[PDB]
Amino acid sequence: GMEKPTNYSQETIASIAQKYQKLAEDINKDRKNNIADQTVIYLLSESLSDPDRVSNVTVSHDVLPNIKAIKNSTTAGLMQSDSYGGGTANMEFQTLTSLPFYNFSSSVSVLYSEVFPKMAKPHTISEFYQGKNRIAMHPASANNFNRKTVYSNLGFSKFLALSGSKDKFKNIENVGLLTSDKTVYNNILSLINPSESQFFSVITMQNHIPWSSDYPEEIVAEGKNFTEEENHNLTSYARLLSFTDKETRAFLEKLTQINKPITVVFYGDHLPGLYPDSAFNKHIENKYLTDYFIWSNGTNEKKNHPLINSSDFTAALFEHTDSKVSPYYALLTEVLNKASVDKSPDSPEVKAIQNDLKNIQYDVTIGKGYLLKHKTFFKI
């Protein structure tokens, strides 16, 4: 599951718990807000990634104009994904727990099935919200990738799904072969209670393979040396992105009219699996780089984070909203800024901060659970 760090021990965990208890206090002398005062929406946009970064691809129209405009106005950039054309629930796991996949063993396939059940009292961004205000959504089977079990153990009062739960979507409509993002967005609006501070964990389905769309007909796409099938999949996918682009803009515009501080963490989990490796040419790294933005309905700062991991979203959320952190999220803020996927793995500073994270990550998964004795490590 995961390798034990050489220096894993009860004292090494104590050293870490104290260090970041103090760092949390220092950071908190400058952070103003409390996360529990914002309504937060974690929005996994299935397979969303700007094809402009695919070198050998040409699209007749810009299919992500609105989303790119949103990225310019607030904290936004590229997210490094751990897989290609799949692995949805693994990125999802990393956003909630902030434990990076790249520190686990490569033999792990699905974290929701092989790690989460082995976690004693998993800590998540959702724990700062009341159970009655924790909401999950996914237009498919609630049991896919063990999600129903995950959100039950996290105390979620609702899990809207096409099947496998008491909760259902309303006014279901299809764009393409699957449930539209419009349907998902409006179901989020249907449940936003301004009197309560809520947390939403959303996993869309519109742009999940297979892709079929004949409109907008003017949008056509092609790639160098693609087959007819590859070109047609790319065209259908591009057409479907154009709908998600417009509906995402509308969705955010409707959040501006709600009297409640709302922040959205939007990101594609991975590129669609419709490109051959040749499509990337001189930049094979673009095979695993999706788009993300952290956007609030009030005024938005724009923090400089052009490349981060799915596990960095919560720490970036706290920074964007100037919210006070816990000792745990103080460590994750040190990771976000000084030891994430944008830094060299050979830097001594990166190694040190990553050693702290690995010990913590080992402790709460298949380790001894020393952190149960440091009772303030996960509290603000």
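Residue positions are given as counts along the sequence shown, with the first one as 1.
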query	finding
Comparing 130-138 with 224-232, the one whose average Cα B-factor in the PDB entry is higher	130-138
44-52 versus 346-354 - which carries the larger mean C-alpha B factor in the record	346-354
From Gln206, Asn309, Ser98, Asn193, residue of greatest CA B-factor	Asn193
From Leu111, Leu78, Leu271, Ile172, residue of greatest CA B-factor	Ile172
Chain-relative CA temperature factor third for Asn66	middle
Lowest, middle or highest third - CA B-factor, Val57	lowest
Cα B factor band for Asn72 (lowest, middle or highest third within the chain)	highest
Modelled-residue ranking by C-alpha temperature factor, third containing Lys166	highest
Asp277, C-alpha B-factor rank within chain (lowest, middle or highest third)	middle
